[PDB]
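Coordinates in review
One-letter residues, chain by chain:
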Number of protein chains: 2
Amino acid sequence: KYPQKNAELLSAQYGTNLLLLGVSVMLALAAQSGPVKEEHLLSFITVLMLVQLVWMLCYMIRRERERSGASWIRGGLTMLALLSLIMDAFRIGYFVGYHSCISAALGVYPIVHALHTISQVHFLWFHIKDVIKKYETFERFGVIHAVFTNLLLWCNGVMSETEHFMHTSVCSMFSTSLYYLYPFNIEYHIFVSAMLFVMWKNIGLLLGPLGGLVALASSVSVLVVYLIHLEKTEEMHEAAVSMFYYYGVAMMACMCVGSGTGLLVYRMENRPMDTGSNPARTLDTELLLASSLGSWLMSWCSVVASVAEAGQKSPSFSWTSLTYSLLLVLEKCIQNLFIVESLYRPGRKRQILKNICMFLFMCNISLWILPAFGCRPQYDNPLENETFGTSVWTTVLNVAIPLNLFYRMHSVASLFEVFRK
Amino acid sequence: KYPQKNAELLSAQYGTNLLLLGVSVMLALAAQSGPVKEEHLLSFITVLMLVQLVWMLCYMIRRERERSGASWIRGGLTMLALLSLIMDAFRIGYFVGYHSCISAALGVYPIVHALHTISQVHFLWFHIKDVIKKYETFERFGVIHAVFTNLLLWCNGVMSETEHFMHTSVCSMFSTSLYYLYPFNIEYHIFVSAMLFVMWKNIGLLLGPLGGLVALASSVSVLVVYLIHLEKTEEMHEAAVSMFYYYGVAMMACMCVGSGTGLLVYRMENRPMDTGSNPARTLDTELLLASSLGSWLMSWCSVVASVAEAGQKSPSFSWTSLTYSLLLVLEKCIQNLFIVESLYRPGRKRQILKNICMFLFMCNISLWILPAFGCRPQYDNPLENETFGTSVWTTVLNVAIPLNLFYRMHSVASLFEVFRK
Ligand SMILES: CC(C)CCC[C@@H](C)[C@H]1CC[C@H]2[C@@H]3CC=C4C[C@@H](OC(=O)CCC(=O)O)CC[C@]4(C)[C@H]3CC[C@]12C
Ligand SMILES: CC(C)CCC[C@@H](C)[C@H]1CC[C@H]2[C@@H]3CC=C4C[C@@H](OC(=O)CCC(=O)O)CC[C@]4(C)[C@H]3CC[C@]12C
Ligand SMILES: CC(C)CCC[C@@H](C)[C@H]1CC[C@H]2[C@@H]3CC=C4C[C@@H](OC(=O)CCC(=O)O)CC[C@]4(C)[C@H]3CC[C@]12C
Ligand SMILES: CC(C)CCC[C@@H](C)[C@H]1CC[C@H]2[C@@H]3CC=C4C[C@@H](OC(=O)CCC(=O)O)CC[C@]4(C)[C@H]3CC[C@]12C
Ligand SMILES: CC(C)CCC[C@@H](C)[C@H]1CC[C@H]2[C@@H]3CC=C4C[C@@H](OC(=O)CCC(=O)O)CC[C@]4(C)[C@H]3CC[C@]12C
Ligand SMILES: CC(C)CCC[C@@H](C)[C@H]1CC[C@H]2[C@@H]3CC=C4C[C@@H](OC(=O)CCC(=O)O)CC[C@]4(C)[C@H]3CC[C@]12C
Ligand SMILES: CC(C)CCC[C@@H](C)[C@H]1CC[C@H]2[C@@H]3CC=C4C[C@@H](O)CC[C@]4(C)[C@H]3CC[C@]12C
Ligand SMILES: CC(C)CCC[C@@H](C)[C@H]1CC[C@H]2[C@@H]3CC=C4C[C@@H](O)CC[C@]4(C)[C@H]3CC[C@]12C
C-alpha cells in the first residue's frame, strides 16, 4: 500500500521534529524571564507518554489476534525499571503526604510515567525479543515515537530535575532515597533508548580471578569507608576522597596494562583481518563510543580546569587529578579497542586471554558498583566548580555518570561474551 | 602492517576526543568567572589548523612522488572560500590599521585561517575528486582531523564571534562588510565538513519557468525594498518586514502544492518500489535532514513563542508568524520527501514533473538569494526575544540561517539533477 523508504523517512522527520519541539520548550524554559513554566514541559512529556501508551495498547490488541545474550539485556532493563518504579512510588507517596501547594502536573506526571514504565517493560519484554514478524508504517511510527519520548525523558531528568534537587524524618528519607535512586532512572531511559535504537537500526585460570577479587574487595572497602565518613560528620572525609582517587588511578593503570597486553597478543598473532565488512561491528562500536562520550567529556573538563589552574603556578595542584583524568580517557580508548577487536575475529594464548578477560570483567564490575552505590565525590570538587560554575559542572556530571554506568554494564556483558570463546 | 578497522576506530576516538576537548574549552570560556579567555580558544584552534596544514603538506609531497555533479560542489566550495578569504583579508587589514590594544592571538588567527582556507581548497580541489588511490592510517587521521577542525571552527564562528559582534568611515565599512560576509564563512565550514563527512563515510515547459521567474522577480523586489528601507532611517521598515513575511507564506504554500503534486504523481504511478537497499539514498537523506535541522529548530522556537503569547490572550498575535513557521516546517518535510523519492526511482507526466522541477528549482534559488543578500529580519523579532533572550535567539539564528543556505544550495543542485531525467 505504501512504500517503506518513504515510511522510514517520514518517521525520521516526525521524530526529529518531536525532539526539536521538546528542545524549543526547554530553551524557552531555561530563559526564566518568560511565560513558559516547568509544568508546561511536564504536560508536553505527559502527552507524549500517553500517545505511546495508546500506541502500545493498539499494538498488543492487534497482536493478540495472532498466536505462535538476551538475558543480560532483560536483566538490566528489569533492574533499572524496578529502581525507576521505586522512585516513582516515592514521588506518588510524597504527593499524597504533603502540603498541597504545587501544581497538578506534578501529580499526574509520576503516575503516567509509572504506567509508561510498566507498559514499556512489558512491550520490551514480550513483543520485541525475536518476535517482530512485520515492519510497516505503524511499527516505525511507534518505535520512533518511543525513541524520542525516552530521549526527552532523559533530557528532562538530566537538566530539569537536579537543577531543582542538587540546585521531618519523612522529608529526609524522601530526599536521601531520591539521591540514591536518581542515576538509575537516568540510566533506565538511556538503556531503553539504546535498545530501541538497536531495533530501529536493524529492522589454569588463577591470577586473573584473584586480581579481580582483590579489585572487588578493595572497591567494597573504599565504598564502605566513604559511606561511613559521608553519613556522619566531616572529619576523615578527605582521606576517603583521596583513597577513592588513588584507588581509581592504580586500578585504571592495571586495566590499561591488561587491555594493552590483550592487544599485543592480538598483534603478534597475524590473521587475514577485516574482510567481512560487518555492520554489527559498527552497531556495537557506536554503542561503546556513545557510552564513552560522557566520561570523556568529564575527563577533558577536569584536564582543562587543572591546566588552567597550573597556568597560575598555584598551590593545590597535586598531579593526581591530571593522572586520573588522562588515565581514564586512555583506559576507555584501549578497552573499547580491545573489546571491538575481540568480538570480531596456542593454548597458552588462550590462558593469557581468558585471564585478561576475567580480570577486566571483575574490574568493570568493581568500577560499576563504586558510583552506583553512591560514592560520586566529583560533585564537590572545588576545582571544576568555580571554573565552569556549579550548574554547568553538575549538568556535565549528570550526563557523564549514568552514561558511565551504562558503559560499565555493556562492557561487563561484552567481556563475558568474549570470555567464553 | 596495521588493520583497517582498528585504524578507523582509533581515528574515530581521536577525533571524538578532539571535539570534546574543544567543547570543554568552550564551556570553561562561557563561564566568564574563570581564568580561561578567548585567546586560549583561538590558540587551540590555531594549533589544530597548523597540524592540518602540516598533514596536508606531507600528503601533497608524498603524492608528488607519483603521477597519473562535481562542478556544483567545486563551485559552491570556491564561492564560499572566496567570501571567507575576503572576510579574512578584512580582518588582517583591520589588524594592520588600528590601535594595537588587543592580543597577538587575534592577529595570528586570521592569517593562519587564511592559509588554512587556501590549502584546504587546494586539497579539496585536486587530491580528492576521484583521486584517492589508497586508504590507510595516515589519510584516516587527516580526514578525521580535518572534520573536527572544521566543526570546531564552525562552533567558534557561530557562538564566540557574533556574541562579540551582534552582542570613522573605515570602522563602518569594516562592520558592514563583516555583517554581510559572516554567514558565508559559517556556511563554508558547514560545506567543508559535509564534504569531508561524505568522503569519510564512502571511503512544452511553459508555466513552470514562468512561475519561477515570477518568484525570482518578486524576491529581488522584496530584497531591494528591504535594503533601501534598511540602509536609510526607520520609516516604512515594518511594511518591508511584513512584505517579507507575506511573500514567504505565499511562496511556501505554492512550494507545498508543487511538491505534493509531484508526490501524488509518484503515488498514482505504481512501481516495484524500494528493493535496491541503496546506501547512497541514506547518505543524501542524512545530508538533507541535517540541513533541515536548523530551520526546524528556528520554526519550532517561533511556534512555542507565539503559542505562549497566545496563552495570555494578548494583542499583537496576528496569525502570520504561526502560518509562516508551520508552513516552513511542512514545506521542508514535503520537499525532502519529494527529492529523496525523485532521486531513487506517459509523456504528460514527464511534462508535469519537469514543470514542477523547474518551479521548485527557481523557488529554491529565490529563497536562497533572499537571506544571503542580507535581508534576515528574524534577529529583530520582539516576540522570540524576551521569550528566549537575545543571546539564545541570536545563537539559534546563527545556527539556523547558514544551515538554511546550505540546504537551499543542496536542494538546487539536487532538483537540477532530478530535472534532467
Ligand atoms: C544526537 C542525539 C544522539 C542526542 C541529541 C542531543 C540533545 C538531546 C542534547 C544535546 C544538546 C543539548 C542542549 C544543549 C544546551 C542546552 C541549552 C540549555 O540552556 C542554556 O544553557 C542556554 C543559556 C541560558 O540562558 O541559560 C537548555 C538545554 C539545551 C537546549 C540542551 C537540550 C538537550 C540537547 C539538545
Ligand atoms: C551539514 C553538516 C554540518 C552535517 C555533517 C556533520 C556530521 C553529520 C558528521 C561529520 C563527520 C561525522 C562523524 C565522523 C566519524 C564518526 C565516527 C563513527 O564511528 C565509526 O565510524 C565506527 C567505526 C566502525 O564501524 O568500525 C561515529 C560517528 C562519527 C563520530 C560521525 C558523527 C557525525 C559527524 C560529526
Ligand atoms: C559522536 C560525536 C560526533 C557527538 C558527540 C556528542 C556531543 C556533541 C554531546 C553529547 C553530550 C552533550 C553535552 C550534554 C550536556 C551538556 C551540559 C549543558 O549545560 C547546560 O545546559 C547549562 C546548565 C545551566 O546553565 O544551568 C551544556 C551542553 C552540554 C555540554 C552538551 C554538549 C554536547 C554534548 C557533549
Ligand atoms: C553531532 C555532530 C553532528 C555535531 C556535534 C554538535 C556540537 C558541535 C554542538 C551541539 C551542542 C553544542 C553545545 C550546546 C551548549 C553549549 C553550552 C554553552 O554554554 C552555556 O550556555 C552554559 C550556560 C552558561 O553558563 O552560559 C557553551 C557551548 C555549548 C557547549 C555548545 C557547544 C557546541 C555543541 C557541543
Ligand atoms: C547510549 C544512548 C543514549 C545513545 C543512543 C541514542 C542515539 C545514538 C540514537 C537513538 C535513535 C537515533 C536516531 C534514530 C533515527 C534517525 C533517523 C536517521 O535517518 C534515516 O534513518 C535515514 C532514512 C533512510 O536511510 O532512508 C538519522 C539518524 C536518526 C535521527 C538517529 C540519530 C541518533 C539516535 C538519536
Ligand atoms: C538528528 C537528531 C537526532 C540530532 C539533532 C541535533 C540537535 C540535537 C542539535 C543540532 C543544533 C543544536 C543547537 C545548536 C545551538 C544551540 C543554541 C545554544 O545556545 C547557547 O549556547 C546559549 C548562548 C548564550 O548563553 O550566550 C543552546 C544549544 C542549541 C539550542 C543546540 C541544541 C542542540 C541542537 C538542536
Ligand atoms: C547488554 C548489557 C547492557 C546487559 C547489562 C549487564 C547487567 C545484566 C549486569 C552487569 C552489572 C551487573 C550487576 C553488578 C553488581 C551487582 C551488585 C549485586 O549486589 C547485585 C547484582 C548486581 C546489580 C549485578 C546485576 C547484573 C548486572 C546489572
Ligand atoms: C551540491 C551543492 C551543494 C552545490 C552547490 C550549488 C551551487 C553551486 C549553486 C546553488 C545556488 C547558486 C547561486 C544562486 C544565486 C546566485 C546569485 C548570482 O548573482 C550569482 C550566482 C549565484 C551565487 C549562484 C551560484 C551557484 C550556486 C551557489
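Residues numbered from 1 in each chain as written, not as in the entry; some residues may be left out. Chains lettered and ligands numbered in written order. Heavy atoms only, no water.

- Structure determination for this entry, per the PDB record, employed cryo-EM and reached 2.98 Å resolution.

**A word on the site of ligand 4**
- In the neighbourhood of ligand 4, the contacting residues comprise A:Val392, B:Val23, B:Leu27, B:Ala30, B:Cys155 and B:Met159.
- Residues near ligand 4 are shared among chains A and B, making this a multi-chain site.
- Here ligand 4, which alone exposes 740 Å², has 41% of that area covered by the protein.
- Broken down by element, the residue count for the shell around ligand 4 peaks at three residues, all from helix 1 (residues 4–30) of chain B.
- Residue composition of the shell around ligand 4, by class: six nonpolar, no polar and no charged. (Near = heavy atom within 4 Å. Areas by Shrake-Rupley, 256 points an atom, 1.4 Å probe, with all protein chains shown as cover. Helix = DSSP H or I, 4+ residues; strand = E, 2+ residues; numbered from the N terminus. Nonpolar A, V, L, I, M, F, W, Y, C, P; charged D, E, K, R; others polar.)

**Details of the packing of aromatic side chains**
- Counted according to the given criterion, the structure contains 40 aromatic pairs over all chains.
- Ring centres of A:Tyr59 and A:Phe123 lie 5.5 Å apart, and the angle between their planes is 75°; this geometry places the pair in the edge-to-face category.
- Residue classification places A:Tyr59 among the buried residues on the basis of a relative accessible area of 7%.
- Taking the centre distance of 6.2 Å and the plane angle of 15° together, the rings of B:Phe388 and B:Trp393 count as stacked. Taken individually, B:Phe388 and B:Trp393 each receive the classification buried, so the pair is uniform in this respect.
- Chaining the aromatic ring pairs together yields one cluster made of A:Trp55, A:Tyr59, A:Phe123 and A:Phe138.
- Over the ring of A:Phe419 we find A:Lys354; its NZ or CZ atom is 5.7 Å from the centre of that ring. (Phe/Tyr/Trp six-rings, centres within 6.5 Å; stacked < 30°, edge-to-face > 60°. Buried < 20%, exposed > 50% of the residue type's maximum accessible area, 1.4 Å probe, protein only. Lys NZ or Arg CZ within 6 Å of the ring centre and 35° of its normal.)

**Comments concerning the site of ligand 8**
Residue and element names in this part refer to chain B.
- Close to ligand 8 lie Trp72, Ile73, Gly76, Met79, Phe191, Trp368, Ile369, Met409, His410, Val412 and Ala413, which account for all nearby residues.
- About the coverage of ligand 8: the protein hides 67% of its 610 Å² of free accessible area.
- Those elements that place two or more of their residues in the shell around ligand 8 are helix 3 (70–95), helix 12 (347–372) and helix 13 (390–419).
- For the shell around ligand 8, the class distribution of residues is nine nonpolar, two polar and no charged.
- Split by domain, the residues of the shell around ligand 8 number at least three in each of domain 1 (4–68 + 70–202) and domain 2 (207–419). (Domains from an automatic or database assignment.)

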